[PDB]
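Source file entry26.txt; content: compact mmCIF, N, CA and C atoms.
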```
# COMPACT_ATOMS: atom_id res chain seq x y z
N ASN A 1 -34.60 58.90 58.68
CA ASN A 1 -35.05 57.96 59.74
C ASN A 1 -36.14 58.60 60.59
N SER A 2 -36.00 58.47 61.88
CA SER A 2 -37.02 59.08 62.78
C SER A 2 -38.34 58.31 62.71
N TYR A 3 -38.42 57.40 61.77
CA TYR A 3 -39.66 56.59 61.63
C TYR A 3 -40.92 57.48 61.78
N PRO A 4 -41.48 57.95 60.68
CA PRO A 4 -42.68 58.79 60.75
C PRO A 4 -43.86 58.02 61.32
N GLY A 5 -44.23 58.36 62.52
CA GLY A 5 -45.37 57.66 63.17
C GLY A 5 -45.02 57.35 64.63
N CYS A 6 -45.67 56.36 65.19
CA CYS A 6 -45.38 56.01 66.59
C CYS A 6 -45.87 54.59 66.91
N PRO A 7 -45.20 53.92 67.83
CA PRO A 7 -45.57 52.56 68.23
C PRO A 7 -47.08 52.38 68.27
N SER A 8 -47.57 51.42 67.53
CA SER A 8 -49.05 51.19 67.52
C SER A 8 -49.61 51.15 68.93
N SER A 9 -48.80 50.80 69.89
CA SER A 9 -49.31 50.76 71.28
C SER A 9 -50.10 52.03 71.56
N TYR A 10 -49.84 53.02 70.75
CA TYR A 10 -50.52 54.31 70.89
C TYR A 10 -51.86 54.29 70.17
N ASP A 11 -51.79 54.39 68.87
CA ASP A 11 -53.01 54.38 68.03
C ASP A 11 -54.24 54.97 68.73
N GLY A 12 -54.01 55.89 69.62
CA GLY A 12 -55.17 56.51 70.34
C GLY A 12 -54.72 57.29 71.58
N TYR A 13 -53.72 58.12 71.42
CA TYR A 13 -53.22 58.93 72.56
C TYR A 13 -53.18 60.40 72.18
N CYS A 14 -52.75 60.69 70.99
CA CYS A 14 -52.70 62.12 70.60
C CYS A 14 -54.11 62.69 70.42
N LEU A 15 -54.38 63.73 71.15
CA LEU A 15 -55.70 64.38 71.09
C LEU A 15 -55.73 65.60 70.19
N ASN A 16 -56.88 65.83 69.63
CA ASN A 16 -57.07 66.99 68.73
C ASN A 16 -55.84 67.33 67.88
N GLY A 17 -55.89 66.93 66.64
CA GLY A 17 -54.74 67.20 65.72
C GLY A 17 -53.40 67.05 66.44
N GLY A 18 -53.25 65.97 67.14
CA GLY A 18 -51.98 65.75 67.88
C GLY A 18 -51.02 64.90 67.04
N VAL A 19 -49.98 65.51 66.55
CA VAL A 19 -49.01 64.75 65.74
C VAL A 19 -48.10 63.93 66.64
N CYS A 20 -48.15 62.64 66.48
CA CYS A 20 -47.28 61.77 67.32
C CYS A 20 -45.89 61.63 66.72
N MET A 21 -44.91 62.14 67.43
CA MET A 21 -43.52 62.05 66.93
C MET A 21 -42.78 60.89 67.58
N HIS A 22 -41.78 60.43 66.90
CA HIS A 22 -40.98 59.30 67.43
C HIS A 22 -39.51 59.44 67.05
N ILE A 23 -38.74 59.99 67.95
CA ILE A 23 -37.30 60.16 67.65
C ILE A 23 -36.59 58.82 67.80
N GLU A 24 -36.22 58.24 66.69
CA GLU A 24 -35.52 56.93 66.75
C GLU A 24 -34.36 56.97 67.73
N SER A 25 -33.69 58.10 67.78
CA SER A 25 -32.55 58.22 68.72
C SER A 25 -32.91 57.62 70.07
N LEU A 26 -33.60 58.39 70.87
CA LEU A 26 -34.00 57.90 72.19
C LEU A 26 -35.20 56.97 72.10
N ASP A 27 -35.66 56.72 70.90
CA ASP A 27 -36.83 55.82 70.74
C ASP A 27 -37.96 56.27 71.66
N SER A 28 -37.88 57.49 72.12
CA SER A 28 -38.93 58.01 73.02
C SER A 28 -40.19 58.35 72.23
N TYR A 29 -41.09 59.05 72.87
CA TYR A 29 -42.35 59.41 72.16
C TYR A 29 -42.93 60.72 72.67
N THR A 30 -43.61 61.41 71.80
CA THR A 30 -44.20 62.70 72.23
C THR A 30 -45.23 63.20 71.23
N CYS A 31 -46.25 63.78 71.77
CA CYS A 31 -47.34 64.32 70.91
C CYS A 31 -47.19 65.83 70.72
N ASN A 32 -46.94 66.23 69.51
CA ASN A 32 -46.78 67.68 69.23
C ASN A 32 -48.11 68.29 68.78
N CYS A 33 -48.76 68.97 69.69
CA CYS A 33 -50.06 69.59 69.33
C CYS A 33 -49.86 70.65 68.26
N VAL A 34 -50.66 71.69 68.30
CA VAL A 34 -50.49 72.75 67.25
C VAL A 34 -51.15 74.07 67.64
N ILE A 35 -51.32 74.88 66.64
CA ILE A 35 -51.94 76.22 66.79
C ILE A 35 -53.44 76.17 67.15
N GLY A 36 -53.75 75.48 68.20
CA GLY A 36 -55.17 75.37 68.63
C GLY A 36 -55.38 74.01 69.29
N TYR A 37 -54.30 73.49 69.76
CA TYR A 37 -54.31 72.19 70.43
C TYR A 37 -53.28 72.18 71.55
N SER A 38 -53.74 71.98 72.76
CA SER A 38 -52.80 71.95 73.93
C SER A 38 -53.43 71.26 75.16
N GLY A 39 -52.88 71.52 76.32
CA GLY A 39 -53.42 70.90 77.57
C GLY A 39 -52.61 69.65 77.92
N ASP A 40 -53.22 68.68 78.56
CA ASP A 40 -52.45 67.44 78.91
C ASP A 40 -51.68 67.02 77.67
N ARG A 41 -52.26 66.15 76.88
CA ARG A 41 -51.54 65.75 75.67
C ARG A 41 -51.73 66.90 74.71
N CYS A 42 -52.97 67.10 74.38
CA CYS A 42 -53.39 68.17 73.45
C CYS A 42 -54.91 68.23 73.46
N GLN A 43 -55.46 67.91 74.60
CA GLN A 43 -56.94 67.92 74.73
C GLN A 43 -57.53 69.33 74.71
N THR A 44 -56.74 70.31 74.35
CA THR A 44 -57.27 71.69 74.32
C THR A 44 -57.58 72.19 72.91
N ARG A 45 -58.70 71.78 72.40
CA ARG A 45 -59.12 72.20 71.05
C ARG A 45 -60.00 73.44 71.22
N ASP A 46 -59.38 74.58 71.39
CA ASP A 46 -60.19 75.83 71.57
C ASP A 46 -60.40 76.65 70.29
N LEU A 47 -61.12 77.75 70.45
CA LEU A 47 -61.42 78.65 69.29
C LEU A 47 -60.14 79.23 68.72
N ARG A 48 -59.38 78.41 68.03
CA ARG A 48 -58.13 78.91 67.46
C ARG A 48 -57.75 78.25 66.13
N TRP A 49 -56.96 77.23 66.19
CA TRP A 49 -56.51 76.51 64.96
C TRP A 49 -57.51 76.48 63.84
N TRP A 50 -58.32 75.48 63.91
CA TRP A 50 -59.36 75.28 62.88
C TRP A 50 -60.12 76.56 62.49
N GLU A 51 -60.06 77.56 63.32
CA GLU A 51 -60.79 78.82 62.97
C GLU A 51 -62.22 78.52 62.53
N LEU A 52 -62.41 78.32 61.26
CA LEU A 52 -63.77 78.01 60.75
C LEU A 52 -63.77 78.00 59.22
N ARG A 53 -64.28 76.91 58.69
CA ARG A 53 -64.38 76.69 57.21
C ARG A 53 -64.40 75.19 56.91
```

Before we go any further, please render this structure as structure tokens.
Amino acid sequence: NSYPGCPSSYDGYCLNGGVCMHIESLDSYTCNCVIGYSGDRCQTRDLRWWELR
């Protein structure tokens, strides 16, 4: 379950490689950034993740 994705109401909230998670349990929502994505939602795309290539 967990429904892979997130309420279309979003379709434009997760920033820079921001994976939108949706736990069916609490039906809540959250953007899981990554190894080079952070800040408010994940507006921090710094010299890290993507590295270069």

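Take CA of residue 15 (chain A) and CA of residue 46 (chain A): the distance between them is 12.3 Å.
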
What is the CA of residue 10 (chain A) to atom N of residue 33 (chain A) distance in Å?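 If I compute the distance from CA of residue 10 (chain A) to atom N of residue 33 (chain A), I get 14.8 Å.
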
Non-local contacts of residue 34 (chain A) (10 Å; only C-alpha atoms; under 2 positions in same chain excluded) as a PyMOL selection string: chain A and resi 16-19+31-32+36-38+42+44-45+48-49

What is the distance, in Å and to one decimal place, between atom C of residue 43 (chain A) and CA of residue 21 (chain A)?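 If I compute the distance from atom C of residue 43 (chain A) to CA of residue 21 (chain A), I get 17.6 Å.
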
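If only N, CA and C atoms are the atoms counted, then among A:41, A:29, A:50, A:20 the closest residue to residue 5 (chain A) is A:20.
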
Pick from A:22, A:53, A:47, A:12, whichever lies nearest to residue 35 (chain A) using only N, CA and C atoms: A:47

Residues of chain A in strand (DSSP E or B), written as a PyMOL selection string: chain A and resi 19-21+30-32+34+37

Taking only N, CA and C atoms into account, name the residue in A:14, A:40, A:23, A:30 that is nearest to residue 1 (chain A). A:23

Mind working out the centre and edge lengths of an axis-aligned box for region 23-37 of chain A, all listed atoms inside, 5 Å added to each side, rounded to one decimal in Å and written as AutoDock Vina command-line options?
```
--center_x -44.0 --center_y 66.0 --center_z 69.8 --size_x 32.8 --size_y 30.4 --size_z 16.4
```

Please provide as a compact mmCIF listing (two decimals) with N, CA and C atoms, keeping the file's coordinate frame all residues within 9 Å of residue 24 (chain A), with the sequence filter that same-chain residues fewer than 4 positions apart are discarded (counting only C-alpha atoms).
```txt
# COMPACT_ATOMS: atom_id res chain seq x y z
N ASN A 1 -34.60 58.90 58.68
CA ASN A 1 -35.05 57.96 59.74
C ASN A 1 -36.14 58.60 60.59
N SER A 2 -36.00 58.47 61.88
CA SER A 2 -37.02 59.08 62.78
C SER A 2 -38.34 58.31 62.71
N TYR A 3 -38.42 57.40 61.77
CA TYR A 3 -39.66 56.59 61.63
C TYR A 3 -40.92 57.48 61.78
N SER A 28 -37.88 57.49 72.12
CA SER A 28 -38.93 58.01 73.02
C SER A 28 -40.19 58.35 72.23
```

Using the partial input, fill out region 21-35 of chain A with N, CA, C and O atoms; write the result as a compact mmCIF listing (two decimals), in the frame of the given file.
```
# COMPACT_ATOMS: atom_id res chain seq x y z
N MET A 21 -44.91 62.14 67.43
CA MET A 21 -43.52 62.05 66.93
C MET A 21 -42.78 60.89 67.58
O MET A 21 -43.12 60.45 68.67
N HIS A 22 -41.78 60.43 66.90
CA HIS A 22 -40.98 59.30 67.43
C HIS A 22 -39.51 59.44 67.05
O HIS A 22 -39.10 59.05 65.98
N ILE A 23 -38.74 59.99 67.95
CA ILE A 23 -37.30 60.16 67.65
C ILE A 23 -36.59 58.82 67.80
O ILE A 23 -36.38 58.34 68.89
N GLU A 24 -36.22 58.24 66.69
CA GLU A 24 -35.52 56.93 66.75
C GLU A 24 -34.36 56.97 67.73
O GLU A 24 -34.07 56.00 68.40
N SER A 25 -33.69 58.10 67.78
CA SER A 25 -32.55 58.22 68.72
C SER A 25 -32.91 57.62 70.07
O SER A 25 -32.56 56.50 70.38
N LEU A 26 -33.60 58.39 70.87
CA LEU A 26 -34.00 57.90 72.19
C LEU A 26 -35.20 56.97 72.10
O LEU A 26 -35.71 56.50 73.10
N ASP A 27 -35.66 56.72 70.90
CA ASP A 27 -36.83 55.82 70.74
C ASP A 27 -37.96 56.27 71.66
O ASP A 27 -38.88 55.52 71.93
N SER A 28 -37.88 57.49 72.12
CA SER A 28 -38.93 58.01 73.02
C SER A 28 -40.19 58.35 72.23
O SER A 28 -40.32 57.99 71.08
N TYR A 29 -41.09 59.05 72.87
CA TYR A 29 -42.35 59.41 72.16
C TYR A 29 -42.93 60.72 72.67
O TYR A 29 -42.75 61.08 73.81
N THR A 30 -43.61 61.41 71.80
CA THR A 30 -44.20 62.70 72.23
C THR A 30 -45.23 63.20 71.23
O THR A 30 -45.08 63.06 70.04
N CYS A 31 -46.25 63.78 71.77
CA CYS A 31 -47.34 64.32 70.91
C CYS A 31 -47.19 65.83 70.72
O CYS A 31 -47.30 66.59 71.66
N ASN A 32 -46.94 66.23 69.51
CA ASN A 32 -46.78 67.68 69.23
C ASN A 32 -48.11 68.29 68.78
O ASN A 32 -48.52 68.12 67.65
N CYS A 33 -48.76 68.97 69.69
CA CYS A 33 -50.06 69.59 69.33
C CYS A 33 -49.86 70.65 68.26
O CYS A 33 -49.00 70.52 67.42
N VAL A 34 -50.66 71.69 68.30
CA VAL A 34 -50.49 72.75 67.25
C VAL A 34 -51.15 74.07 67.64
O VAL A 34 -51.45 74.32 68.79
N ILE A 35 -51.32 74.88 66.64
CA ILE A 35 -51.94 76.22 66.79
C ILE A 35 -53.44 76.17 67.15
O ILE A 35 -54.27 76.79 66.52
```
